[PDB]
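One chain comes next, on its own, written as structure tokens: the form deposited in one PDB entry.
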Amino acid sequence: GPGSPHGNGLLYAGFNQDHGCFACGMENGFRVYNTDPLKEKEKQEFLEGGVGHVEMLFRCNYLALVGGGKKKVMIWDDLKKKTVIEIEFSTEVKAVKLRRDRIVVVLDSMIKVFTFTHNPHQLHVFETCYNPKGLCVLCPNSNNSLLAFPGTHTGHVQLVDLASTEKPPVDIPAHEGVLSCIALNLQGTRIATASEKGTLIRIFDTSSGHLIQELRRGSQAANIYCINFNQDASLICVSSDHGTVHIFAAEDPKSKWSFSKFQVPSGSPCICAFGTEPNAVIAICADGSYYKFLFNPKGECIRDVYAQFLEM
């Protein structure tokens, strides 16, 4: 009985590519929500072993699930409502990423890439640094198969084009310190990264590896928990493990510092993404609380929605 941090069964929460849905991995299965307006869309509460990581690929009606036991990847067919592919590993799976034609499995010190077939065939293995958080982004766009992940050298990001594997990877010396957070924009053209120091968020071009914007979260260290771009990557939001969410101008900004910030009253970690409307940010906490805040560059953030999403 390892339980859950909040005693509510929630082991994992994450957004899909455009943040219109989020999924929770629970001790008894998984749950999927429409993000905004908040709506429960699927609840599986009778999956033995639970689910500790959930990846969504609704465009193909699939999810990828990591069993609570951490050694099985299960491809869930969301029309059939069942697992149709299982891959077992001899080490703990930290994350899984999907696109239409690839299953990407993130282990502690390597990333394995498979075909998305009834019998997955391993195509590539990329060594990483130790990667306990399972950092890895995979663009699902038809015309952008970017895979990016922490390189073996501390602070570096490796960028691979799964569509053109013979071209050499791009090696970004993103930070001096251990990487803690990596995020991809919706177009797959920009990645944002933070080290465990968490004072500076850096945005890089995914073709050249060049640094395009550095943002300052603060002068003191923080544990960065989530980063996400808005729809056109004109803004990013950044959350800490204390539940503070900063909103930055990402492109030729007035300031390197955030122009708006809010903090969820639990003081606990949240994931964050922009809502359906461009002046709103969604924050979701493992304690089961959902928040939608409005923002204005010259005003305080105000709370538009509060909900306990595990009560639908």
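So that there is no doubt, residue numbering starts at 1 and follows the sequence shown. Whichever C-alpha set is largest while still superposing within 1.5 Å between the two forms counts as the rigid core.
Quick note: we don't show the form solved in complex with a partner chain, though the next part is all about it.
Peer 1: Any idea which of 173-181, 217-225, 116-124, 150-158 reaches within 4.5 Å of the partner chain in the deposited complex, heavy atoms considered?
Peer 2: Correct option: 116-124.
Peer 1: So which of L47, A280, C60, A249 reaches within 4.5 angstroms of the partner chain in the deposited complex, heavy atom to heavy atom?
Peer 2: Exactly one residue meets the criterion: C60.
Peer 1: So which of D205, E196, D101, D108 reaches within 4.5 angstroms of the partner chain in the deposited complex, heavy atom to heavy atom?
Peer 2: Exactly one residue meets the criterion: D101.
Peer 1: Please determine whether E92 contacts the partner chain in the deposited complex, using a 4.5 Å cut-off between heavy atoms.
Peer 2: So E92 does not count as contacting the partner chain.
Peer 1: Just to confirm, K41 within 4.5 Å of the partner chain in the deposited complex by heavy atoms?
Peer 2: Answer yes; at least one heavy atom of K41 falls within 4.5 Å of the partner chain in the deposited complex.
Peer 1: Examine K80 and determine whether its closest non-hydrogen atom to the partner chain in the deposited complex is within 4.5 angstroms.
Peer 2: Yes, contact at 4.5 Å.
Peer 1: Is there a heavy atom of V32 no more than 4.5 Å from a heavy atom of the partner chain in the deposited complex?
Peer 2: Yes, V32 sits close enough to the partner chain in the deposited complex that at least one of its heavy atoms falls within 4.5 Å.
Peer 1: With the two forms fitted on the rigid core, I'd like to know which residue in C60, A249, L38, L47 is displaced by 2 angstroms or more at its CA between this form and the one not shown.
Peer 2: Everything else stays below 2 Å; the exception is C60.
Peer 1: Over in the other structure, so in the deposited complex, do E42 and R59 pull closer or drift farther apart at the C-alpha level? The difference is 3 angstroms or more.
Peer 2: Closer in the deposited complex, by 3 Å or more.
Peer 1: Look at the CA atoms of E42 and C60: state whether they lie closer or farther apart in the deposited complex than in this form, given a difference of 3 Å or more.
Peer 2: Residues converge in the deposited complex, at least 3 Å closer.
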